[PDB]
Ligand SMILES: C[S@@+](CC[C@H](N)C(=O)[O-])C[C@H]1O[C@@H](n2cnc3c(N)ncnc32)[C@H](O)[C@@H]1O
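Shown here is one chain on its own, the form deposited without S-adenosylmethionine (SAM), set out as structure tokens.
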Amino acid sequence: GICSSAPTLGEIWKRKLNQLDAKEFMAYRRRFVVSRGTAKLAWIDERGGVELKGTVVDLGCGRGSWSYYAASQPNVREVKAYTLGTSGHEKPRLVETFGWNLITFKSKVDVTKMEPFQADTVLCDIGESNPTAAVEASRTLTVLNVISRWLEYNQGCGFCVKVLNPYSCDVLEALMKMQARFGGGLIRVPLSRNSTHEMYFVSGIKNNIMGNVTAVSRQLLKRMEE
């Protein structure tokens, strides 16, 4: 059922991606593809994928693009942003914005160990691409398990969460369980490069997760022959 087709197609996409040489990879990744991070959240926002409101938590905020964006939105009251920011990782970048005083950045935080607290909107763009899909899958599952406790703690909240590898069988199963508990759906942002299969688990759109994952694999494969 759930794992009959999607893991196969995604793994073909990954193995074919990994066979592209430097010039091929550069040409492919941009083919028909529409800061990159701000633009992605903005696109999801404008399509109704997440109601940005109340207290917004940004888990793994990095340089803070999503936090700055959320803090500029009219129904947002506060942004609490957390990131690792230690050696090797992105740390919050300070900019002069009218939303400046709505944001609190906290560095040296392991968000996998933070207890959940009140949030009207849960945002998380965590997931570092890796050539091994299994590595990406365990990263994706870690993010989803973390996000589950926030969505359970905050019944009815909005959310927009990156799913780095959405075609792995264990990820699909975790996603079906989450859609069952918390509703929502899984969307592809057209600004995403063809070199990532990243999709976003969002509160404001209801859809067929498996069908969308497979449609994305088939589109990314098609673009690779074009």
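Heads up: residue numbers just count along the shown sequence, starting at 1.
request  = Enter the number of deposited residues without atomic coordinates between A27 and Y28, binned as none, 1 to 3, 4 to 9, or 10 or more.
outcome  = Per the deposited record, the segment joining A27 and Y28 has no missing residues.
request  = Tell me which of 105-113 and 81-89 has the higher mean C-alpha B-factor in the deposited entry.
outcome  = Taking the mean B-factor of the alpha carbons in each, 81-89 is higher.
message = Comparing average C-alpha B factors as deposited, tell me which of 196-204 and 173-181 sits higher.
response = Between 173-181 and 196-204, it is 173-181 that shows the higher mean C-alpha B-factor.
inquiry  = Just the C-alpha B-factor column, please: which of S35, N165, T55, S67 has the biggest number?
reply    = Across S35, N165, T55, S67, the entry lists the biggest C-alpha B-factor for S35.
query = In the PDB entry, which of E128, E96, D125, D120 has its C-alpha at the highest B-factor?
reply = Spelled out: the listed residue with the top C-alpha B-factor is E96.
query = Taking the C-alpha B-factors as the PDB entry records them, is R31 in the lowest, middle or highest third of its chain?
reply = For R31, whose C-alpha B-factor we compare with every modelled residue in the chain, the answer is the middle third.
task = Looking at the entry's B-factor column for C-alpha atoms only, identify whether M210 ranks in the lowest, middle or highest third of its chain.
result = It belongs to the highest third of the chain when residues are ordered by C-alpha B-factor.
query = Split the chain's modelled residues into thirds by Cα B-factor; is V50 in the lowest, middle or highest one?
reply = Answer is middle: the recorded C-alpha B-factor places it there.
message = Per the entry's values, where does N75 land by CA temperature factor relative to the rest of its chain, in the lowest, middle or highest third?
response = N75: CA B-factor falls in the middle third of its chain.
ask   = For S5, does the deposited CA B-factor place it in the lowest, middle or highest third of the chain?
value = As the PDB entry reports it, the C-alpha B-factor of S5 lands in the middle third of its chain.
The next section is about a form of this same protein that is not shown, the form solved in complex with S-adenosylmethionine (SAM).
task = Go through 76-84, 130-138, 94-102, 151-159 and give me the stretch that gets within 4.5 Å of S-adenosylmethionine (SAM) in the entry with it bound, heavy atoms only.
result = One stretch meets the cut-off, namely 76-84.
query = Could you tell me if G54 has a non-hydrogen atom within 4.5 Å of S-adenosylmethionine (SAM) in the entry with it bound?
reply = Heavy-atom contact with S-adenosylmethionine (SAM) at 4.5 Å: absent for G54.
request  = Indicate whether S-adenosylmethionine (SAM) has at least one heavy atom within 4.5 Å of a heavy atom of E90 in the entry with it bound.
outcome  = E90: contacts S-adenosylmethionine (SAM) in the entry with it bound.
ask   = Does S65 make contact with S-adenosylmethionine (SAM) in the entry with it bound, using a 4.5 Å heavy atom cut-off?
value = So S65 counts as contacting S-adenosylmethionine (SAM).
ask   = According to a 4.5 angstroms non-hydrogen atom cut-off, is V111 in contact with S-adenosylmethionine (SAM) in the entry with it bound?
value = Yes - in the entry with it bound, heavy atoms of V111 and S-adenosylmethionine (SAM) come within 4.5 Å of each other.
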